[PDB]
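Quick heads-up: it's one chain on its own, the form deposited in one PDB entry, in structure tokens.
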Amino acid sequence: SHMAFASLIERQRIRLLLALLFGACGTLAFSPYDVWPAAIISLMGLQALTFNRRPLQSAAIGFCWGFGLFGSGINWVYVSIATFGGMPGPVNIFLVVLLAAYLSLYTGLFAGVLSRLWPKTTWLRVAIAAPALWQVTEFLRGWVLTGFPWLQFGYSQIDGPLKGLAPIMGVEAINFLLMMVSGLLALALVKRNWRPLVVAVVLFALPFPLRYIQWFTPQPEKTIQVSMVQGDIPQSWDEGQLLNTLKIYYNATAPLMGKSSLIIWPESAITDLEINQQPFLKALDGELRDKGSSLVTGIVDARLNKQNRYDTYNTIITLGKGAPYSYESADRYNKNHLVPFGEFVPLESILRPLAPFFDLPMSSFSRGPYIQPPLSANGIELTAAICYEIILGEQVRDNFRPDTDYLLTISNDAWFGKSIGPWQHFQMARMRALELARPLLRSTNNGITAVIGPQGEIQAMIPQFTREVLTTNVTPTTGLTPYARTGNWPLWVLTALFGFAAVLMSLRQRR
């Protein structure tokens, strides 16, 4: 003789469950599902479920929304933990839950702050304040503790109607517009009002023609045959296994010398120190040179520094024509942004004085500088990034030079097997080529090797989980996109105006 289904607390629990499901729906926006409308459905839920809530209730809803998104969208990290971590399966699940909860603090933060300063359900909350605040809370997610900016809905528009915005203001401009349009749709829905819907449709539609702009010019007098060797080496300290790996890569490469101007091996393809492989590298250099070809490859470089310690780098080196190999050559690239929990553990430097020496890792990776020159091979300028680094759009843009001919990324996504992880990673890699209007050569161990065209399109690809070479003709491009010239500071100016205007109005609403 009561209505327990209609209590205030129960209505809030219903919102938390829906938030969970609307968050998870957003995972469908990303590869390999590639249902870009799901990003709008997922953000509509976020914006609508937080209306007419107290701030702490809104924060809970935003946390649960994020938990659905990250819980369903980056649980592929389990595959690495469970295969290589040595830990009990329940510990592995809990670590993944912990990761998803951590990232959901930033969506709860967004929701809580939005509710406190813009409690009324209005077009200002959703179209002006929310985009600005989402930009700030997502920057923090990608910055705190080195950051993890995985699953930004703008990437889901690589093959969508908003892709033309990315070469002008970067992918974060697409995150901005999507939040704004999804908020206007949520507003139209709850107030049953057609005016915010029309506005939303116009704003969503205005960018459509930009997708037809080519900010670049092709250079066919520079077209070359490029080869990328996907060795598909399983994950491993055996010098024999090392030699079996050099055998696969060398024998796949030898018939391409004299035909492919550029040959590419993936991240850490040579699984030995550069100092222990001088005879191999200098012989290889000579074969490539005598046939007019160049080789770029990943390798681990423990380089003795002036303190007579070893900096261990995750490195790219060059050999052959136009890139004479040398241990002292500057024609190389050292990974700058290490993978959190992969190549380091955040907060480790603070805790190290107390750790027993026998428990510390044998070797830990050092960091190359934030800016490094393009690699040069066979006359070709290559702006390089290793693995996770390709998802850092501003950093890729900061290393880019107008004379860059190609973006280069080499990676090893074998850690995550047959999960959606490598596909999401591949999708973000495509956004860099669109933003900077250059082809991107992505060479991987077993995990989406491909040539991406200067508008983010897949020009060539080989299947995952195959030992095989991708060989094709590639053409470099020149020209500066607006985003390449400026970076993201124009979006920040817009964010500051939107946010200034919204905060001013919220303070006026009070007192």
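Residue positions are given as counts along the sequence shown, with the first one as 1. Only residues modelled in both forms are compared. The term rigid core refers to the maximal set of C-alpha atoms that superpose within 1.5 Å between the two forms.
In this entry, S236 and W237 are separated by 1 to 3 residues of the deposited sequence that lack coordinates. The PDB entry records a higher mean C-alpha B factor for 352-360 than for its counterpart among 148-156 and 352-360. A summary of the deposited B-factors shows that, of 4-12 and 501-509, the stretch with the larger mean C-alpha value is 501-509.
Comparing C-alpha B-factors across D403, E435, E389, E172 in the deposited entry, the largest value falls on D403. In the PDB entry, the Cα temperature factor peaks, among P266, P196, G73, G112, at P196. In the PDB entry, a CA B factor belonging to the highest third of its chain's modelled residues is recorded for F465. For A254, the recorded CA B-factor ranks within the middle third of the chain. Only modelled residues enter the ranking. When the modelled residues of the chain are ordered by their C-alpha B factor, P32 lands in the lowest third.
Residue-level temperature factors show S58 in the lowest third of its chain, judged at the C-alpha atom. Among the modelled residues of the chain, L494 sits in the highest third by CA temperature factor in this PDB entry.
One more form of this protein exists, namely the form deposited in another entry; it is left out here, but the text below deals with it.
Just one residue from the list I371, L98, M87, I350 crosses the 2 Å line for C-alpha shift between the shown form and the other one on a rigid core fit, and it is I350.
The Cα shift for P361 between the shown form and the other one, taken after rigid core superposition, is 2 angstroms or larger. If you fit the rigid core between the shown form and the other one, you'll see the Cα of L504 move by less than 2 angstroms. Superposition of the core reveals a Cα shift of 2 Å or more for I9 between the shown form and the other one. Between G86 and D359, the Cα distance is smaller in the other form than in this structure, by no less than 3 angstroms. Compared with the form shown, the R352-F84 C-alpha separation decreases in the other form, the change being 3 Å or greater. Comparing the shared residues between the shown form and the other one on a common core, the stretches of 3 or more consecutive C-alphas each displaced by at least 2 Å are 3-10, 237-240, 345-363, listed in sequence order.
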